[PDB]
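Report on the structure given below.
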Amino acid sequence: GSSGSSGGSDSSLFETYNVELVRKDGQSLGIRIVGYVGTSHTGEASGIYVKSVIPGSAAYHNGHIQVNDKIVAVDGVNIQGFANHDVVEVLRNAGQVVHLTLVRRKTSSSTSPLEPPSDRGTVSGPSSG
């Protein structure tokens, strides 16, 4: 056989995934967030990132959410353009089932996705080329 799934439109460089965390009987999220602004004349970033992960917490236990991650939505809450404080309240409001939305750069330690998209050449089948 041969190898494939190599290369493709640079549209979705990263991959988003949902993480359903569970909160034990009297447990917290245990996820630290950071507010970036990305000043000028610098190679910094901008957005909410996982500063750290409190041990013995839902996040830690789950083993899905860790530092070096960009949160775009919390349990469905589109925190895309939210503020540190605005994000904090969201976490507290969230219940047991917390579906965290993170997006990391593809082609990393992580393992291939489940149903990744394909860059089709708007071709009408073998009718051509």
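Note that the numbers count up from 1, one per residue, in the order the chain is shown.
Positions of Cβ are set from backbone N, Cα and C atoms, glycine also.
Here's what the PDB entry has on this protein:
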- 1-7: cloning artifact (SEQADV)
- 124-129: cloning artifact (SEQADV)
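Swiss-Prot annotations:
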- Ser108: phosphoserine (MOD_RES)
- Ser112: phosphoserine (MOD_RES)
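Taking a C-beta cut-off of under 8 angstroms and a sequence separation of 6 or more, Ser112 (phosphoserine) has the following same-chain neighbours: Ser5. Sorting each residue of the cloning artifact (1-7) by its DSSP state yields 0 helix, 0 strand, 7 coil. For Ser108 (phosphoserine), other Cβ atoms within 10 Å of its Cβ number 10.
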